[PDB]
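Sequence order for the protein chains is A, B and C. FYI, in the numbering used here the residues of the first sequence are -10 to 370. FYI, in the numbering used here the residues of the second sequence are -10 to 370. FYI, in the numbering used here the residues of the third sequence are -10 to 370. Data block below; observations after.
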Amino acid sequence: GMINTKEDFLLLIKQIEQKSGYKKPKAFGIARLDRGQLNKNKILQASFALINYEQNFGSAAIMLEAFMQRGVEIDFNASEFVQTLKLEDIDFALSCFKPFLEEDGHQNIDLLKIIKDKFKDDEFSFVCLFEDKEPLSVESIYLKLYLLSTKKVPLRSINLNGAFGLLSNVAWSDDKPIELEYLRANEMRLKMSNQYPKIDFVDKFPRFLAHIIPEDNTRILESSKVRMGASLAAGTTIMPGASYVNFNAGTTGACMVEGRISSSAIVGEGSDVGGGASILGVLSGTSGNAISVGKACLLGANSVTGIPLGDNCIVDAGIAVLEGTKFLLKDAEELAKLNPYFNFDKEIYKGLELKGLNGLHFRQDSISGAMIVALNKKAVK
Amino acid sequence: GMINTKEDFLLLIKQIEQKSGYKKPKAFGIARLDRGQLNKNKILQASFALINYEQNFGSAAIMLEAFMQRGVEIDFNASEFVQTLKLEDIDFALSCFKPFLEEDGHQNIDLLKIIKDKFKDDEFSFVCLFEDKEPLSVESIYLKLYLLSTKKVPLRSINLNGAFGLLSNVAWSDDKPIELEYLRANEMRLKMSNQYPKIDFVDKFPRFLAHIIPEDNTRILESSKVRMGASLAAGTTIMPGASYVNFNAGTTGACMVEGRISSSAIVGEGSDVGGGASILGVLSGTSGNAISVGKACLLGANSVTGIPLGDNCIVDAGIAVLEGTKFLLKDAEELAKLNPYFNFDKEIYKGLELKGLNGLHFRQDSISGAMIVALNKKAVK
Amino acid sequence: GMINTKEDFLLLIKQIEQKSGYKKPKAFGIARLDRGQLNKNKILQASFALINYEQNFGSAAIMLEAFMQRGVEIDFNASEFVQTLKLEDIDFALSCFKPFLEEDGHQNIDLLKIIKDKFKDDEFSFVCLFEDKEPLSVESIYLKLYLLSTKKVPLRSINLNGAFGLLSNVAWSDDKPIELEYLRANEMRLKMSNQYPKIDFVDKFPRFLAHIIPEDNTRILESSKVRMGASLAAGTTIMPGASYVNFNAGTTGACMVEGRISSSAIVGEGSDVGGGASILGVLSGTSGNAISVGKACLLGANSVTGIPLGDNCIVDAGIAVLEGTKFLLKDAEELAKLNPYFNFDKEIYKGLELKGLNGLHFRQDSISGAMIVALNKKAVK
Ligand SMILES: [Cl-]
Ligand SMILES: [Cl-]
Ligand SMILES: [Cl-]
Ligand SMILES: [Cl-]
C-alpha cells in the first residue's frame, strides 16, 4: 500500500513531523463519546481504553496525518486538538500501519482494528494535548482526568481550570449520562409506562470505576466514594462508611482510607486516614497552597486536618488541626532534631505555622483541656 | 360528545362543584402503583409524573365526577380520597376534555392520553387530599412526600404522622420494591438458578432520585444520600462522603451539603454543611421544636449542631453545639447589636439559650480548653 | 429403590455414620459457585440458600455417602470438606430420600430437587465443617460468613483467620464478581463497543444483601454499608449517611445505627450509634481484646468509642473515648453502686481502666475543658 516495511513507516513519520508547524502531542487517545439524547452536539462523557502520555509519537503522527490528508486544518499553536473520526481516517491509519498488522502487542494499532470493526459515525474522536493549559473541551477535560486517574501524570501537575464550566450536569443511570431535560420531557410517558430509568446520581463528573481498573492490590469498596480524576497508588484501600476521594486528590503510596480527601490533597505512603476523618484540600487565602500529608501519618477517627503535615505525624481521634488553632508545644528539643530549620523558640503556635513539619503529634490535654503539639514518640525511631 | 366548547366545559365544572358536599381538592394526582408480589393488595410504592397543589381544580372535578358518574360514593368530609382508575374513568375524563384535545400544554390531559394508551387494570389510582391531616393510605403518604420533594409546599408544613406505620418494609432492587416474604419463599429457586435479584436496600421509604428530577443547577452525587420527601432548593449540592438529607429536611436556598441533615432540619441559603458535620432535627422535650440553621452559616467538618442557629453563624470544625453545652460569651456589645432583644447580661450560656441568634461563632479556646460563643467577625459587615 | 420407608432411611444413616472415622458435620450446605472468567478454577464467590448448623445430620450423612459411594476419599480428620456435585450425587441423594419426596417442608430435600432441575457441571459444591478452625477454602470462608450473617453462631465465635489471603480481589458488577485481569484483557473491546460493565466496587468480600434477607423489622438503607459476615439482630436499622458494619461485627439486639462498627465490635440491645460515630473493634496490644458496647448505650454524633462499655453508658457528641484518654471521675459513690468490684479510689482514670463499666457518662467540662467520666443519671433508675 506504499507503506510496506517498518522503514517506510519511519520515513512517513519523518515526513509528517517535518510539516510546517507540526508539534508532537504530549498526550493523546481516542474516545468513545456519549452525546445528549436531546442535544446531540452536547458531549456528556468520553471514554478511553488507551492513554498515551509523552510516548508513541509515531502513532499520533499517523492519526494527525489522517485528518490533514483530508483537508482538516490543525492549529498546532492551540493547546489541544479534538476531531471526530470517520471510517476513512481509521482505514488510512491502518494502511500506514500495514508493516505491523500481523504482529502482537501494538496497542494503538489493536484499538484501531476494534474501532473499524465497531465503527459508527460521530461515535469516536481523536483527542490530543499539545501543551498543558486550561481545557477547551469536554473531550480534553476527560483526557486530563484520565491522565490523573491512570497515574500517567502526578496529582496537581496538570491544568484543570474551567472544567466545571464546560461539563454538563446530567443524570447518571448505570453509569450512562442522561440530559435532565430529556427526563423532564419524557417523565409522564416513562413513569406511566413503568420505564423510568434508575438514576444513581446527578452531577457533572463520573465515578472512577466507570473508567479505571484498579491494580490487583487496590480496593474501592463503593464506587460513589471515588470521583473520576482521583489518583490511588497501588495498594490503597477505600472503605465505604464515611470516605471520599475527590478529583485531583489521592494517595502516593499504599494507604488505608476511611475518611475524606478533598481536591488537591495528597496523602503519602503508609498513612492511615481514620473513619470519618477529614483532610481539607487548599489552605485559605489567595496564594493558599494545597494540603499534603506525608508518609506514615496516622489521622484519627473523626479528626480534621486543615494543614500540610510532614512525615510520621499523628492527629488523635476527634482533634481538629486548623490553620488558626493554637497549640502548646512540647518536646521542643526532639522536634528540633527532626526539623532542624524550624525555630522552636516559643510556646504557642498556630496550625499554619507548623505546616509540613515531621514527627508532630497533635493531641488534647484531657485534664487542662489545652491543645498540644508534641513528639510522635515513634518518629525519633 | 355534549362537551363541545370550553364554555360547555366550564358549565360542567360548575355543575359538579355544586354537588352536595363537594370540596375542591387541595392536592391531587394520578399514581402508578407497585403492588406486592405475594400480597397484591399491598401497595409498596406510588409514582406520580404530575402533582397538582391548590391548582387545576376543574381537572380534579372531572376526575372526581368520573367516579361519581359510576356510583362511587365520595366522602368529601374525609381528609383524602383514593380510588383505582378503570378505563371507563379515563375515557369519561377525556370526553369531558374534548374541547382541549387538539391543543398543546394541558398536562393533566396529556397524562390521561398516556394512561389510556398504557392502561392496565389496578395499575393507576387517583389520589387527592381535601385537607392536611394524617395520611390514611400509602397513596396519600406518597402524595405528601411528593408535595415536599417537588417543593409545592414548604418543609414542615404538612402532616406526615403515622407514615411509618402505614408503609411496608421491603427490599428494593433497581428502585423496584420486592416483599421480603417473596424473597424468602423463592430464595432456593432464585439462588440455585442464579437469578437472585440485586438488593440495593431494605426500608419503608424510596430514594428522592427514584421520583424527582433536580433543577439543572442541583447535584446529588449519590442517590442513597437523599431520601424521598427531602426538599432541596435549586442550586444545592449533596456530596457523597458522609452526607445525608432525610425526609421533611433540606435546604431553602443553594447550599453545599457534605454532612447530615436530620428530619425536620432546615438549612438556609448560602450555608455550607462541612464534611461529616451533623445537624440534628428536633430539640429535646415534649414541645421540642424543629432545628433551623439560617442563611450563610458555616458548619465545620465533623461538627455537631444541636440547636437552631440564626443567620451568619459559624460552628468551627470538631465543635459540638448541644442544648446543654455551656459557652463563655465574648463580644457581648457587638452581639447585642445583631440581637437587640437578647439579654447578654451573663457570662455563661447553655446552647439552648442561644438558639436562633445571629452572628454567633462557636469555637474552643485552644489554650484554656473553654467553649466560647463569640462574634462572627464577618456578620457585623 | 431399597430405601422405601423412613425406617429404611434411618438404618441407612446408622450404617453411614458407623463407617470408619465418620464425623458428623458441625455445619454444612450446598453452594452455587461463581468462577473466574479467565481462571475457571478460581472460586470468586459462593452462594447458599440453606445453612445447616448442628442440625439435620442425616441429610449431611446422605450427601457425604453420595461422594463415598463413588470413591471420593473423605478425610474426616480435616477441619472441612468441599466437593463439586455431579448429577449422580444429586440422584443418589434423592433416591435415599424417597420416603419423603411427596411431603412438604423438608428444606434440604427441596433444595436437591431444585439443583437437579437446574444442574450444571461444576456449578454446585457441597461444603461442610467438621471443626472450627481456620478456613482452607473460599467455599469454607463463605460458609463461615453465612454462619455469622444468618446468626446461626454468635459474633466472634468462629475462626476466620486467613480469610483475606484466600479470597481474590475482584470487581463486582450488580453483585457479580469479575476478575480484574478479565477487564484489563477486554477493556478496548468493551469500551469501544460500549459494553463496559458497571463496576460497583472492587474488593475481596461481597455485601450482606447479596446473600441475606433481613427480618421484616430490620432495615439497611444502603447495601454498601453492611459487609457480608455482619450480624444484625432483628429490629436493627442501618442509616446510610456515615455508617458501616464490617464483617464479624454488629448488634445483639435492636439498635439504631448511624455510625461505624469495626470488625470484632458488638453493640448491645437498645443502643443508639449516632451519626458519624466510630466504634473501634480491637483494643491495642498483643492480647488486645475485642470492643463490646452494652445495652442501651447512647453514642453521640461524631464521637469515638475506643474501649468496651458496659450497659447504660453515654458518650456525648464529639467526644473521643480512647484507651489512653484521661478522665476526671465524678459521682464516685453512685458509680460504685453500679460497679461494686471496681476501685474508685482515685481521681483520674485512663479510658482503658474504665472498660466494661456500667452507667458511665463521658463528657467534656465546657468551662474548664476537662474530660470527665460521671454518672449517667438514667442508669441509677
Ligand atoms: Cl509563645
Ligand atoms: Cl454567668
Ligand atoms: Cl462522618
Ligand atoms: Cl488520681
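All C-beta atoms in this analysis are idealised placements derived from N, C-alpha and C, irrespective of residue type, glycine included.
Across the structure, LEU346/A and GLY299/A are spaced so that their CA atoms are roughly 5 Å apart. Relative to the non-hydrogen atoms of ligand 1, the Cβ of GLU336/A comes within a distance shorter than 7 Å of at least one.
Within chain B, the C-beta atoms nearer than 8 Å to that of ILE356/C come from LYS315, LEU317, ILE337, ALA359, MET360, in chain order. Taking a contact to require three or more Cβ pairs closer than 8 Å, the stretch 136 to 149 of chain C and the stretch 218 to 226 of chain C qualify as touching. If you compare the alpha carbons of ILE202/C, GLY270/C, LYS367/C with that of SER162/B, the shortest gap goes to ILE202/C.
In this structure, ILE(-8)/A sits near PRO88/A, with a CB-CB distance shorter than 8 Å.
Each of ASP305/C, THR314/C, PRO297/C, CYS302/C was checked against the Cα of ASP305/A, and the nearest Cα belongs to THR314/C.
Ordered along the chain, residues surrounding ligand 3 are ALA231/A, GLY265/A, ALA231/B, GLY265/B, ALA231/C, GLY265/C [Cβ under 6 Å from any heavy atom].
Per DSSP, reduced to three states, the secondary structure at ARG178/B is helical.
The shortest CA-to-CA distance from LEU317/A to any of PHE351/A, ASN332/A, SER260/A is the one to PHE351/A.
Just measuring C-alpha positions, the residue of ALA49/C, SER84/C, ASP80/C sitting nearest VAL116/C is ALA49/C. DSSP places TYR330/C outside any beta strand (DSSP E), giving it a letter other than H or E.
Nearest to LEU179/B by alpha-carbon distance, out of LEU53/C, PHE236/C, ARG21/C, is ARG21/C.
Taking a Cβ-Cβ threshold of 7 Å, the residues of chain C close to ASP205/A are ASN158, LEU169, in chain order.
Contact check for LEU74/A against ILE19/A passes: the beta carbons are separated by less than 8 Å. If the five residues before and after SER212/A are omitted, its C-beta is found closer than 6 Å to the C-beta atoms of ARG196, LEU198, all from its own chain and listed in chain order.
Taking every protein chain shown into account, the CB of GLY263/C has 16 or more other CB atoms within 10 angstroms, so this residue is buried.
Residue state for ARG249/A is assigned as strand, using DSSP reduced to three classes. Residue environment for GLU168/C: buried (at least 16 other C-beta atoms within 10 angstroms of its C-beta).
Taking C-beta atoms as the reference points, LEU101/B and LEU83/B count as a pair closer than 8 Å. Note on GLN34/B: 16 or more other CB atoms within 10 angstroms of its CB, so buried under the neighbour-count rule. With three or more CB-CB distances shorter than 8 Å, the stretch 230 to 240 of chain C counts as touching the stretch 252 to 272 of chain C.
Straight-line measurement puts the Cα of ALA309/A at about 8 Å from the Cα of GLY295/A. Of the residues assessed, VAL369/B falls on the exposed side of the cut-off, its CB having fewer than 16 other CB atoms within 10 angstroms. Taking 4 residues as the minimum length, the alpha helix (DSSP H) runs contained wholly in the stretch 62 to 111 of chain A are 76 to 85, 96 to 106, in order along the chain. As the crow flies, the alpha-carbon of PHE108/A is around 11 Å from that of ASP80/A. Annotation: the continuous beta strand (DSSP E) that includes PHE190/C extends over 190 to 192. By the Cβ neighbour-count rule, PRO329/B is exposed, with fewer than 16 other Cβ atoms within 10 Å of its own. Going by DSSP, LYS3/C is part of the alpha helix (DSSP H) stretching over -5 to 6. As computed with DSSP, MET360/B is found in a beta bridge with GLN353/B. Chain order gives the chain A residues near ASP189/C as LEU198, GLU211, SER212, where near means a beta carbon separation below 8 Å.
Annotation for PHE17/B: the continuous beta strand (DSSP E) segment containing it runs 16 to 24. Not one beta carbon of chain B lies nearer than 8 Å to the beta carbon of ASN347/A. Taking C-beta atoms as the reference points, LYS12/A and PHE119/A count as a pair closer than 8 Å.
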